[PDB]
Amino acid sequence: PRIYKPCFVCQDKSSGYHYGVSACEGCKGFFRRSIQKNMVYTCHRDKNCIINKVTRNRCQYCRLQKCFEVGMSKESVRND
Amino acid sequence: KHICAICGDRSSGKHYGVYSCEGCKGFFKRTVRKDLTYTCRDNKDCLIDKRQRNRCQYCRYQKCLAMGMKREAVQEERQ
DNA sequence: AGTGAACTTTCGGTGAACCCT
DNA sequence: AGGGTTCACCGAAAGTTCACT
Ligand SMILES: [Cl-]
Ligand SMILES: [Zn+2]
Ligand SMILES: [Zn+2]
Ligand SMILES: [Zn+2]
Ligand SMILES: [Zn+2]
């Protein structure tokens, strides 16, 4: 019944606020992983790649760039 | 039979010059003592009622003021 | 081996209940 | 009547899981 602004990263339907922004379950999980797994991606284009529900899985580098850009907090990804 | 001017829940009496619930007294006490600033996720017109009051803290705090809760009525922490 | 829908867990704000004059 | 504190509890936001390609 509760409506949230679209995922800030890919603009798909949001499950809620994840790491400071309205985010979809995909972008929440992706961000948690790139931080926990200390992933370092590379753009196999020119870094200007566009993120939306249909393309979000094509460039992991540009998807992680947008997570950061919109304001996802790396600090709130628990590390023990 | 008193009602909280802010959320509509049953009121105990006047707190910070306003008929309010025990929750709105507490939230305002916390906000003023800690000098807290909030941001509305939506368009600053969030429905503040018994159910949805904890959803947006911004709109709950702006409604406390609109219903006239005096920030000066909040004293400093005892010890 | 990565993704994401659907779960389970965490912990700090909330507030019912309690002081005091 | 209205200031002050308190701490179980609950839900938002965290982690977890597991089909599916
Ligand atoms: Cl004031
Ligand atoms: Zn997304
Ligand atoms: Zn790219
Ligand atoms: Zn209230
Ligand atoms: Zn609001």
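Chain identifiers are assigned alphabetically (A, B, ...) following the order of the sequence lines, protein sequences preceding nucleic acid strands; residue numbering begins at 1 within each chain. The figures here come from the full heavy-atom set of this structure, side chains too, leaving out hydrogens, waters and symmetry mates.
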Rounded to the Å, how far apart are [X] [atom1] and [N] [atom2]?
X        : N       : atom1 : atom2 : result
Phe28(B) : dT14(C) : CZ    : P     : 14 Å
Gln52(B) : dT14(C) : CD    : P     : 16 Å
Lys70(B) : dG2(D)  : NZ    : P     : 11 Å
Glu22(B) : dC9(D)  : CD    : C1'   : 17 Å
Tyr19(A) : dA14(D) : OH    : P     : 6 Å
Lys50(B) : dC10(D) : NZ    : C1'   : 13 Å
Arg53(B) : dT14(C) : CZ    : P     : 10 Å
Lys29(B) : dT5(D)  : NZ    : P     : 7 Å

Are any of [X]'s side-chain N or O atoms less than 4.0 Å away from OP1 or OP2 of [N]?
X        : N       : answer
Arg32(A) : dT16(D) : yes
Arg41(B) : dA13(D) : yes
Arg10(B) : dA16(C) : no
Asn54(B) : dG15(C) : yes
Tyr61(B) : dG13(C) : no
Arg78(B) : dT6(D)  : no
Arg30(B) : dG13(C) : no

Say we look at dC19(C) and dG15(C): how far apart would their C1' atoms be, to the nearest angstrom?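 After rounding to an integer number of Å, I get 16 Å for this pair.
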Determine the contact category for [X]: base if any of its heavy atoms lies under 4.0 Å from a base atom, sugar-phosphate if only primed atoms, P, OP1 or OP2 are that close, otherwise nothing.
X        : result
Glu25(A) : base
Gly26(B) : nothing
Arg51(B) : nothing
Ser12(B) : nothing
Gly26(A) : sugar-phosphate

Just to confirm a value in my table: [N] sugar, north or south, sign of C1'-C2'-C3'-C4'.
N       : result
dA14(D) : north
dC9(D)  : south
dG4(D)  : north

Looking at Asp42(B) and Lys5(A), is there a salt bridge between them, counting it only when a charged N and a carboxylate O are closer than 4.0 Å?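 Salt bridge between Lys5(A) and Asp42(B), a charged N being under 4.0 Å from a carboxylate O: no.
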Nearest to side-chain heavy atoms of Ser76(A), which nucleotide of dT14(C), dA14(D), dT5(D):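 Selected nucleotide (nearest to the side chain): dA14(D).
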Against the six-membered ring of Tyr4(A), is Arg41(B) placed for a cation-pi contact (under 6.0 Å from the centre, within 45° of the normal)?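 Because its charged atom misses either the 6.0 Å distance or the 45° angle limit, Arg41(B) does not stack over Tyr4(A).
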Cation-aromatic face contact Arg63(A)/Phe30(A), 6.0 Å, 45 degrees: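 Satisfied, under 6.0 Å and within 45°.
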With a 3.5 Å distance limit and no angle check, can you tell me whether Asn43(B) reaches the backbone of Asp45(B) through a side-chain donor-acceptor pair?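 Checked: no pair found.
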Side chain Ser22(A), main chain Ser14(A), donor-acceptor under 3.5 Å: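 No; judged by distance alone, with no hydrogens or angles, the pair does not exist.
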More 5' along DNA chain C: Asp12(A) or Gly23(B), using each one's nearest nucleotide?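 Between the two, 5'-proximity favours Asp12(A).
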May I ask you to decide if the ring planes of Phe31(A) and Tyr19(A) are parallel, tilted or perpendicular, using 30° and 60° as cut-offs?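 Tilted.
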In terms of the angle between their ring planes, are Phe28(B) and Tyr16(B) parallel, tilted or perpendicular, with boundaries placed at 30° and 60°?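 Because their plane-to-plane angle lies in the 30° to 60° range, the rings of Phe28(B) and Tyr16(B) count as tilted.
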Can you name the residues that form a side-chain hydrogen bond (donor to acceptor under 3.5 Å, both in side chains) with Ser34(A), not counting sequence neighbours?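 Partners of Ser34(A) by the side-chain hydrogen bond (donor to acceptor under 3.5 Å, both in side chains) criterion, ordered by chain and then number, come out as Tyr41(A).
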Pairs touching residues 5-14 of chain B that satisfy salt bridge (charged side-chain N to carboxylate O under 4.0 Å, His left out), sequence neighbours left out: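 For residues 5-14 of chain B: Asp9(B)-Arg53(B).
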Please list, by residue number, the residues of residues 49-67 of chain A whose heavy atoms come closer than 4.0 Å to an atom of DNA chain C; answer none if no residue qualifies.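 Going residue by residue through residues 49-67 of chain A, the ones with a heavy atom under 4.0 Å of DNA chain C turn out to be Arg56(A), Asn57(A), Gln60(A), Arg63(A).
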Return whichever of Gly13(B) or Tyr4(A) has its heavy-atom-nearest nucleotide of DNA chain D closer to the 5' end.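 This one resolves to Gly13(B).
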When only distance counts, do a donor and an acceptor, one from the side chain of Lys28(A) and one from the base of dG15(D), lie under 3.5 Å apart?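 Result: at least one qualifying N/O pair found.
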